[PDB]
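J.: So here's start_4.pdb (PDB, C-alpha atoms).
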MODEL        1
ATOM      1  CA  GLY A   2      -6.917  -3.458 -55.971  1.00  0.00           C
ATOM      2  CA  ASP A   3      -6.786   0.203 -55.052  1.00  0.00           C
ATOM      3  CA  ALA A   4      -4.251   2.127 -56.882  1.00  0.00           C
ATOM      4  CA  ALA A   5      -2.761   5.444 -56.719  1.00  0.00           C
ATOM      5  CA  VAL A   6      -1.350   7.448 -59.444  1.00  0.00           C
ATOM      6  CA  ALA A   7       1.264  10.133 -58.818  1.00  0.00           C
ATOM      7  CA  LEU A   8       0.536  13.540 -60.311  1.00  0.00           C
ATOM      8  CA  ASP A   9       2.798  16.435 -59.357  1.00  0.00           C
ATOM      9  CA  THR A  10       3.972  18.606 -56.477  1.00  0.00           C
ATOM     10  CA  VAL A  11       2.280  21.759 -55.214  1.00  0.00           C
ATOM     11  CA  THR A  12       2.826  24.432 -52.581  1.00  0.00           C
ATOM     12  CA  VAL A  13       0.350  25.222 -49.815  1.00  0.00           C
ATOM     13  CA  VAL A  14      -0.127  28.934 -49.165  1.00  0.00           C
ATOM     14  CA  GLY A  15      -2.381  31.021 -46.947  1.00  0.00           C
ATOM     15  CA  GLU A  16      -1.140  29.563 -43.651  1.00  0.00           C
ATOM     16  CA  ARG A  17      -0.968  33.014 -42.031  1.00  0.00           C
ATOM     17  CA  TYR A  18      -4.751  33.195 -42.416  1.00  0.00           C
ATOM     18  CA  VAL A  19      -5.273  29.874 -40.625  1.00  0.00           C
ATOM     19  CA  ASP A  20      -6.173  30.228 -36.937  1.00  0.00           C
ATOM     20  CA  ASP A  21      -4.693  27.249 -35.105  1.00  0.00           C
ATOM     21  CA  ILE A  22      -2.150  27.170 -37.941  1.00  0.00           C
ATOM     22  CA  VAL A  23       0.755  26.969 -35.463  1.00  0.00           C
ATOM     23  CA  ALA A  24      -0.484  23.935 -33.503  1.00  0.00           C
ATOM     24  CA  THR A  25      -1.909  22.203 -36.584  1.00  0.00           C
ATOM     25  CA  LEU A  26       1.462  22.178 -38.347  1.00  0.00           C
ATOM     26  CA  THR A  27       2.359  20.020 -35.344  1.00  0.00           C
ATOM     27  CA  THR A  28      -0.213  17.305 -36.064  1.00  0.00           C
ATOM     28  CA  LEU A  29       1.628  16.852 -39.360  1.00  0.00           C
ATOM     29  CA  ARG A  30       4.998  15.317 -40.221  1.00  0.00           C
ATOM     30  CA  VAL A  31       6.878  15.076 -43.522  1.00  0.00           C
ATOM     31  CA  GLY A  32       5.774  12.096 -45.604  1.00  0.00           C
ATOM     32  CA  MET A  33       2.310  12.210 -44.033  1.00  0.00           C
ATOM     33  CA  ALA A  34      -0.874  12.238 -46.094  1.00  0.00           C
ATOM     34  CA  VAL A  35      -3.314  15.174 -46.159  1.00  0.00           C
ATOM     35  CA  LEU A  36      -6.899  15.598 -47.327  1.00  0.00           C
ATOM     36  CA  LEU A  37      -8.038  17.852 -50.182  1.00  0.00           C
ATOM     37  CA  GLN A  38     -11.254  19.845 -50.447  1.00  0.00           C
ATOM     38  CA  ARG A  39     -12.622  21.547 -53.537  1.00  0.00           C
ATOM     39  CA  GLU A  40     -14.213  24.923 -52.817  1.00  0.00           C
ATOM     40  CA  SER A  41     -15.761  26.126 -56.072  1.00  0.00           C
ATOM     41  CA  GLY A  42     -17.744  28.518 -53.897  1.00  0.00           C
ATOM     42  CA  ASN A  43     -14.652  30.301 -52.567  1.00  0.00           C
ATOM     43  CA  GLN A  44     -15.312  34.023 -53.085  1.00  0.00           C
ATOM     44  CA  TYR A  45     -11.638  34.662 -53.821  1.00  0.00           C
ATOM     45  CA  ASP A  46     -11.040  31.827 -56.292  1.00  0.00           C
ATOM     46  CA  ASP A  47     -13.574  29.517 -57.936  1.00  0.00           C
ATOM     47  CA  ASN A  48     -10.704  27.065 -58.483  1.00  0.00           C
ATOM     48  CA  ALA A  49      -9.775  27.049 -54.803  1.00  0.00           C
ATOM     49  CA  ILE A  50      -8.685  23.839 -53.105  1.00  0.00           C
ATOM     50  CA  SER A  51      -8.075  23.905 -49.362  1.00  0.00           C
ATOM     51  CA  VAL A  52      -5.710  21.427 -47.723  1.00  0.00           C
ATOM     52  CA  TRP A  53      -6.367  19.595 -44.458  1.00  0.00           C
ATOM     53  CA  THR A  54      -4.830  17.174 -41.965  1.00  0.00           C
ATOM     54  CA  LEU A  55      -6.178  13.656 -41.487  1.00  0.00           C
ATOM     55  CA  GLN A  56      -7.642  15.027 -38.248  1.00  0.00           C
ATOM     56  CA  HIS A  57      -9.381  17.673 -40.342  1.00  0.00           C
ATOM     57  CA  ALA A  58      -7.431  20.790 -39.382  1.00  0.00           C
ATOM     58  CA  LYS A  59      -7.046  23.382 -42.132  1.00  0.00           C
ATOM     59  CA  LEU A  60      -3.518  23.985 -43.421  1.00  0.00           C
ATOM     60  CA  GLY A  61      -4.206  26.407 -46.247  1.00  0.00           C
ATOM     61  CA  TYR A  62      -4.755  26.291 -50.008  1.00  0.00           C
ATOM     62  CA  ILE A  63      -3.092  24.989 -53.158  1.00  0.00           C
ATOM     63  CA  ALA A  64      -1.212  27.967 -54.643  1.00  0.00           C
ATOM     64  CA  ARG A  65      -3.311  29.890 -57.193  1.00  0.00           C
ATOM     65  CA  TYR A  66      -0.735  29.302 -59.943  1.00  0.00           C
ATOM     66  CA  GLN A  67      -1.225  25.531 -59.483  1.00  0.00           C
ATOM     67  CA  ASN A  68      -5.020  25.571 -59.053  1.00  0.00           C
ATOM     68  CA  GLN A  69      -6.673  25.120 -62.459  1.00  0.00           C
ATOM     69  CA  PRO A  70      -5.461  21.588 -63.373  1.00  0.00           C
ATOM     70  CA  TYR A  71      -6.422  19.803 -60.158  1.00  0.00           C
ATOM     71  CA  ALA A  72      -9.579  21.893 -59.848  1.00  0.00           C
ATOM     72  CA  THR A  73     -10.728  20.495 -63.194  1.00  0.00           C
ATOM     73  CA  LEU A  74      -9.816  16.911 -62.259  1.00  0.00           C
ATOM     74  CA  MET A  75     -11.728  17.096 -58.972  1.00  0.00           C
ATOM     75  CA  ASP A  76     -14.794  18.426 -60.814  1.00  0.00           C
ATOM     76  CA  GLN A  77     -14.666  15.311 -62.985  1.00  0.00           C
ATOM     77  CA  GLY A  78     -15.082  13.183 -59.865  1.00  0.00           C
ATOM     78  CA  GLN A  79     -11.425  12.222 -59.421  1.00  0.00           C
ATOM     79  CA  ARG A  80     -10.400  11.473 -55.835  1.00  0.00           C
ATOM     80  CA  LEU A  81      -7.301  13.511 -54.991  1.00  0.00           C
ATOM     81  CA  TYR A  82      -5.084  13.767 -51.939  1.00  0.00           C
ATOM     82  CA  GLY A  83      -1.550  14.731 -51.033  1.00  0.00           C
ATOM     83  CA  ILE A  84       1.543  13.609 -49.185  1.00  0.00           C
ATOM     84  CA  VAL A  85       3.620  16.156 -47.261  1.00  0.00           C
ATOM     85  CA  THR A  86       6.820  16.476 -49.277  1.00  0.00           C
ATOM     86  CA  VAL A  87       8.497  19.495 -47.601  1.00  0.00           C
ATOM     87  CA  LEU A  88       7.626  21.293 -44.374  1.00  0.00           C
ATOM     88  CA  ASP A  89       9.993  24.120 -43.304  1.00  0.00           C
ATOM     89  CA  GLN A  90       7.703  24.606 -40.284  1.00  0.00           C
ATOM     90  CA  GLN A  91       9.217  27.830 -38.930  1.00  0.00           C
ATOM     91  CA  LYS A  92       8.544  29.583 -42.208  1.00  0.00           C
ATOM     92  CA  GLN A  93       5.194  27.808 -42.240  1.00  0.00           C
ATOM     93  CA  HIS A  94       6.160  26.378 -45.632  1.00  0.00           C
ATOM     94  CA  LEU A  95       4.434  23.322 -47.095  1.00  0.00           C
ATOM     95  CA  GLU A  96       4.822  21.373 -50.321  1.00  0.00           C
ATOM     96  CA  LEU A  97       3.056  18.179 -51.383  1.00  0.00           C
ATOM     97  CA  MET A  98       3.109  15.458 -54.030  1.00  0.00           C
ATOM     98  CA  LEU A  99      -0.465  15.051 -55.232  1.00  0.00           C
ATOM     99  CA  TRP A 100      -1.923  11.631 -56.002  1.00  0.00           C
ATOM    100  CA  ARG A 101      -5.114  10.311 -57.553  1.00  0.00           C
ATOM    101  CA  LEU A 102      -6.901   7.395 -55.907  1.00  0.00           C
ATOM    102  CA  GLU A 103      -8.314   4.659 -58.181  1.00  0.00           C
ATOM    103  CA  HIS A 104     -10.764   2.322 -56.432  1.00  0.00           C
TER     104      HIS A 104
ATOM    105  CA  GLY B   2     -25.486  59.656 -36.899  1.00  0.00           C
ATOM    106  CA  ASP B   3     -24.466  62.791 -38.802  1.00  0.00           C
ATOM    107  CA  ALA B   4     -20.688  62.308 -38.957  1.00  0.00           C
ATOM    108  CA  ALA B   5     -18.265  60.086 -40.879  1.00  0.00           C
ATOM    109  CA  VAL B   6     -14.543  59.434 -40.438  1.00  0.00           C
ATOM    110  CA  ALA B   7     -12.258  58.221 -43.226  1.00  0.00           C
ATOM    111  CA  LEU B   8     -10.329  55.013 -42.568  1.00  0.00           C
ATOM    112  CA  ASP B   9      -8.175  53.618 -45.372  1.00  0.00           C
ATOM    113  CA  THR B  10      -8.321  52.294 -48.934  1.00  0.00           C
ATOM    114  CA  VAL B  11      -9.111  48.681 -49.810  1.00  0.00           C
ATOM    115  CA  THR B  12      -9.377  46.549 -52.916  1.00  0.00           C
ATOM    116  CA  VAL B  13     -12.571  44.690 -53.744  1.00  0.00           C
ATOM    117  CA  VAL B  14     -11.781  41.262 -55.193  1.00  0.00           C
ATOM    118  CA  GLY B  15     -13.679  38.261 -56.551  1.00  0.00           C
ATOM    119  CA  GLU B  16     -15.747  40.362 -58.966  1.00  0.00           C
ATOM    120  CA  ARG B  17     -15.430  37.732 -61.688  1.00  0.00           C
ATOM    121  CA  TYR B  18     -17.022  35.082 -59.468  1.00  0.00           C
ATOM    122  CA  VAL B  19     -20.088  37.243 -58.871  1.00  0.00           C
ATOM    123  CA  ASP B  20     -23.315  36.865 -60.856  1.00  0.00           C
ATOM    124  CA  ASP B  21     -24.423  39.810 -62.995  1.00  0.00           C
ATOM    125  CA  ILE B  22     -21.069  41.408 -62.199  1.00  0.00           C
ATOM    126  CA  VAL B  23     -20.731  43.068 -65.618  1.00  0.00           C
ATOM    127  CA  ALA B  24     -24.260  44.488 -65.409  1.00  0.00           C
ATOM    128  CA  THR B  25     -23.719  45.563 -61.808  1.00  0.00           C
ATOM    129  CA  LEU B  26     -20.378  47.293 -62.438  1.00  0.00           C
ATOM    130  CA  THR B  27     -22.327  49.350 -64.969  1.00  0.00           C
ATOM    131  CA  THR B  28     -24.342  50.937 -62.177  1.00  0.00           C
ATOM    132  CA  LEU B  29     -21.157  52.155 -60.460  1.00  0.00           C
ATOM    133  CA  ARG B  30     -19.196  55.372 -60.925  1.00  0.00           C
ATOM    134  CA  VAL B  31     -16.295  56.934 -59.009  1.00  0.00           C
ATOM    135  CA  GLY B  32     -17.477  58.988 -56.037  1.00  0.00           C
ATOM    136  CA  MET B  33     -20.502  56.777 -55.462  1.00  0.00           C
ATOM    137  CA  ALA B  34     -21.194  55.003 -52.163  1.00  0.00           C
ATOM    138  CA  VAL B  35     -21.229  51.229 -51.621  1.00  0.00           C
ATOM    139  CA  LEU B  36     -22.484  49.109 -48.718  1.00  0.00           C
ATOM    140  CA  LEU B  37     -20.480  46.639 -46.630  1.00  0.00           C
ATOM    141  CA  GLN B  38     -21.693  43.393 -45.064  1.00  0.00           C
ATOM    142  CA  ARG B  39     -19.877  41.399 -42.404  1.00  0.00           C
ATOM    143  CA  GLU B  40     -19.999  37.628 -42.908  1.00  0.00           C
ATOM    144  CA  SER B  41     -18.140  36.157 -39.936  1.00  0.00           C
ATOM    145  CA  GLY B  42     -19.876  32.887 -40.733  1.00  0.00           C
ATOM    146  CA  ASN B  43     -18.015  32.515 -44.029  1.00  0.00           C
ATOM    147  CA  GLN B  44     -16.726  28.953 -44.366  1.00  0.00           C
ATOM    148  CA  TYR B  45     -13.540  30.068 -46.083  1.00  0.00           C
ATOM    149  CA  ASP B  46     -12.642  33.192 -44.113  1.00  0.00           C
ATOM    150  CA  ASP B  47     -14.277  34.391 -40.890  1.00  0.00           C
ATOM    151  CA  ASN B  48     -13.073  37.956 -41.542  1.00  0.00           C
ATOM    152  CA  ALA B  49     -15.101  37.936 -44.756  1.00  0.00           C
ATOM    153  CA  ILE B  50     -16.702  41.231 -45.783  1.00  0.00           C
ATOM    154  CA  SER B  51     -18.751  41.441 -48.981  1.00  0.00           C
ATOM    155  CA  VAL B  52     -19.427  44.674 -50.884  1.00  0.00           C
ATOM    156  CA  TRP B  53     -22.782  45.713 -52.373  1.00  0.00           C
ATOM    157  CA  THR B  54     -24.167  48.567 -54.470  1.00  0.00           C
ATOM    158  CA  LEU B  55     -26.732  50.932 -52.939  1.00  0.00           C
ATOM    159  CA  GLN B  56     -29.432  48.847 -54.622  1.00  0.00           C
ATOM    160  CA  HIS B  57     -28.050  45.771 -52.845  1.00  0.00           C
ATOM    161  CA  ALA B  58     -26.446  44.101 -55.868  1.00  0.00           C
ATOM    162  CA  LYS B  59     -23.286  42.115 -55.107  1.00  0.00           C
ATOM    163  CA  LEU B  60     -19.906  43.488 -56.181  1.00  0.00           C
ATOM    164  CA  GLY B  61     -17.406  41.203 -54.471  1.00  0.00           C
ATOM    165  CA  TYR B  62     -15.269  41.094 -51.332  1.00  0.00           C
ATOM    166  CA  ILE B  63     -12.633  43.141 -49.533  1.00  0.00           C
ATOM    167  CA  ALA B  64      -9.210  41.582 -50.158  1.00  0.00           C
ATOM    168  CA  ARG B  65      -8.165  38.930 -47.660  1.00  0.00           C
ATOM    169  CA  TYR B  66      -4.984  40.870 -46.848  1.00  0.00           C
ATOM    170  CA  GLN B  67      -7.113  43.899 -45.920  1.00  0.00           C
ATOM    171  CA  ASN B  68      -9.840  42.010 -44.023  1.00  0.00           C
ATOM    172  CA  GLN B  69      -8.855  41.901 -40.335  1.00  0.00           C
ATOM    173  CA  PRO B  70      -8.579  45.633 -39.485  1.00  0.00           C
ATOM    174  CA  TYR B  71     -12.166  46.193 -40.610  1.00  0.00           C
ATOM    175  CA  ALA B  72     -13.667  42.814 -39.698  1.00  0.00           C
ATOM    176  CA  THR B  73     -12.715  43.518 -36.076  1.00  0.00           C
ATOM    177  CA  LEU B  74     -14.197  47.033 -36.084  1.00  0.00           C
ATOM    178  CA  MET B  75     -17.475  45.811 -37.564  1.00  0.00           C
ATOM    179  CA  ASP B  76     -17.609  43.045 -34.944  1.00  0.00           C
ATOM    180  CA  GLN B  77     -17.261  45.761 -32.309  1.00  0.00           C
ATOM    181  CA  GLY B  78     -20.426  47.432 -33.562  1.00  0.00           C
ATOM    182  CA  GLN B  79     -19.029  50.222 -35.744  1.00  0.00           C
ATOM    183  CA  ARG B  80     -20.950  51.182 -38.899  1.00  0.00           C
ATOM    184  CA  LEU B  81     -18.652  51.103 -41.928  1.00  0.00           C
ATOM    185  CA  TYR B  82     -19.232  51.758 -45.608  1.00  0.00           C
ATOM    186  CA  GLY B  83     -17.208  52.781 -48.622  1.00  0.00           C
ATOM    187  CA  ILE B  84     -16.793  55.238 -51.461  1.00  0.00           C
ATOM    188  CA  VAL B  85     -15.644  54.182 -54.937  1.00  0.00           C
ATOM    189  CA  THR B  86     -12.202  55.657 -55.554  1.00  0.00           C
ATOM    190  CA  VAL B  87     -11.019  53.529 -58.477  1.00  0.00           C
ATOM    191  CA  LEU B  88     -12.999  51.800 -61.221  1.00  0.00           C
ATOM    192  CA  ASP B  89     -11.927  49.701 -64.193  1.00  0.00           C
ATOM    193  CA  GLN B  90     -14.837  47.915 -65.888  1.00  0.00           C
ATOM    194  CA  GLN B  91     -12.712  45.966 -68.375  1.00  0.00           C
ATOM    195  CA  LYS B  92     -10.439  44.681 -65.600  1.00  0.00           C
ATOM    196  CA  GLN B  93     -13.355  44.382 -63.164  1.00  0.00           C
ATOM    197  CA  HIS B  94     -11.102  46.187 -60.687  1.00  0.00           C
ATOM    198  CA  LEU B  95     -12.564  48.143 -57.759  1.00  0.00           C
ATOM    199  CA  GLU B  96     -11.004  50.117 -54.904  1.00  0.00           C
ATOM    200  CA  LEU B  97     -12.712  52.048 -52.122  1.00  0.00           C
ATOM    201  CA  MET B  98     -11.904  54.374 -49.236  1.00  0.00           C
ATOM    202  CA  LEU B  99     -13.677  53.064 -46.145  1.00  0.00           C
ATOM    203  CA  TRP B 100     -15.655  55.358 -43.855  1.00  0.00           C
ATOM    204  CA  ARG B 101     -16.813  54.807 -40.283  1.00  0.00           C
ATOM    205  CA  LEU B 102     -20.249  56.311 -39.694  1.00  0.00           C
ATOM    206  CA  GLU B 103     -21.052  57.473 -36.168  1.00  0.00           C
TER     207      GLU B 103
ENDMDL
END
Show this structure as structure tokens.
T.:
Amino acid sequence: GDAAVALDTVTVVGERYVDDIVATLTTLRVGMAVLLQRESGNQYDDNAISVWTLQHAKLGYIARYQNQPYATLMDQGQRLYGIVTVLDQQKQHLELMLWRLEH
Amino acid sequence: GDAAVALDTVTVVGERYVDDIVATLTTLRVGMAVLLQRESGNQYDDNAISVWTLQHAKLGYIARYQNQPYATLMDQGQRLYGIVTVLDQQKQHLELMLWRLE
């Protein structure tokens, strides 16, 4: 059919640098899916992967110490996304369980 | 404009992701001046500020955690630039003291 394979969990950092960050963390609830975007052109990290809401509001980035693996998979054409696993909204925390989509 | 005021020190990052970086870092020495370029249109960070050598060769960017203070000033019209204070070719590490020309 369509199939989804579970990968692993990651943390989303850089919230403080996200503008509407406060209101956007509102358009998201635990157990909700989020979109992933590869940014090989990111001047700070060529392995960068920003995270976004289904409404397309930036949430941050996949922690640098968890970048490499998924960055390589996405470059191979794999379709990746995440599901909000932990929120801790007042600390602007955010963890996800990444999945691969097989069409 | 015949006067310059010292601001604070900043770290230039992303060197490794810059083309010709090794060749370019060869043209630099401590005590040399570098140019700054505001890039508010950056898709990843609107406080983005790239750093270039006097011959306009890319070096990298001012750390994200040291962006804001300067990004704002530059957006207010102030002319800023830097001076190389620390240099480590092997580690492609670069630090500058920023100056406001006026």
J.: Here's the selection I'm unsure about, the ChimeraX specification (/A :<7) & /B; applied to the file above, which residues does it give, as a list in words?
T.: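 Selected by the ChimeraX specification (/A :<7) & /B here: residues 14, 15, 18 and 45 of chain B.
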J.: Just say which residues the PyMOL selection byres ((chain A and resi 62-64) around 10) picks in this file, as a PyMOL selection string.
T.: chain A and resi 11-16+37-40+48-53+59-61+65-69+71-72+95-97
J.: If you measure from atom CA of residue B:79 to atom CA of residue B:30, what distance in Å do you get, rounded to one decimal?
T.: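 Separating atom CA of residue B:79 from atom CA of residue B:30 is a distance of 25.7 Å.
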J.: Expand the PyMOL selection byres ((chain B and resi 60) around 9) into the explicit residue set it covers here, and present it as an NGL selection string.
T.: :B and (13-16 or 19-22 or 25-26 or 51-54 or 58-59 or 61-62 or 95)
J.: The residues within 9 Å of (-13.5, 42.3, -67.2), using all atoms listed in the file and the coordinates of the file, should be reported as number ranges by chain; which are they?
T.: B: 16-17, 23, 89-94
J.: Go ahead and compute the interatomic distance for atom CA of residue A:34 and atom CA of residue A:85, in Å to one decimal.
T.: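 One can read the atom CA of residue A:34 to atom CA of residue A:85 distance as 6.1 Å.
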J.: Which residues are near residue A:5? Cut-off 9 Å, all atoms listed in the file, ignore same chain within fewer than 6 positions. Put them as a CSV table (one decimal) with C-alpha atoms, in the frame of the given file.
T.:
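Full text of part.csv as output:
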chain,number,residue,atom,x,y,z
A,100,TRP,CA,-1.9,11.6,-56.0
A,101,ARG,CA,-5.1,10.3,-57.6
A,102,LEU,CA,-6.9,7.4,-55.9
A,103,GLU,CA,-8.3,4.7,-58.2
A,104,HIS,CA,-10.8,2.3,-56.4
J.: Name the closest residue to residue B:38 among the candidates B:81, B:8, B:87, B:98; distances are taken between atoms, counting only C-alpha atoms.
T.: B:81
J.: Neighbouring residues of residue A:98 were defined as those with any atom within 6 Å, considering only C-alpha atoms; residues of the same chain fewer than 2 positions away were excluded. Please report them as a compact mmCIF listing (two decimals) with C-alpha atoms, in the coordinates of the input.
T.:
# COMPACT_ATOMS: atom_id res chain seq x y z
CA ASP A 9 2.80 16.43 -59.36
CA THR A 10 3.97 18.61 -56.48
CA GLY A 83 -1.55 14.73 -51.03
CA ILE A 84 1.54 13.61 -49.18
J.: Quick check, in Å to one decimal: how far apart do atom CA of residue B:9 and atom CA of residue B:29 lie?
T.: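 For atom CA of residue B:9 relative to atom CA of residue B:29, the distance reads 20.0 Å.
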J.: Neighbours of residue B:82 within 9 Å (all atoms listed in the file; same-chain residues fewer than 3 positions away dropped), as an MDAnalysis selection string?
T.: chainID B and resid 34:38 52 98:102
J.: Taking into account only C-alpha atoms, which residue in the set B:42, B:2, B:32, B:83 is nearest to residue B:71?
T.: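 So, comparing all the options, the nearest one is B:83.
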J.: Would you please work out which residue, of B:78, B:103, B:64, B:72, is nearest to residue B:11 when using all atoms listed in the file?
T.: B:64
J.: Taking all listed atoms of stretch 68-71 of chain B, build the axis-aligned box, pad each of the six sides by 3 Å, then write its centre and edge lengths in Å to one decimal as AutoDock Vina command-line options.
T.:
--center_x -10.4 --center_y 44.0 --center_z -41.8 --size_x 9.6 --size_y 10.3 --size_z 10.5
J.: Looking at all atoms listed in the file, which of A:7, A:57, A:26, A:2 is the one that sits closest to residue A:87?
T.: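 Going through A:7, A:57, A:26, A:2 one by one, the smallest distance to residue A:87 is for A:26.
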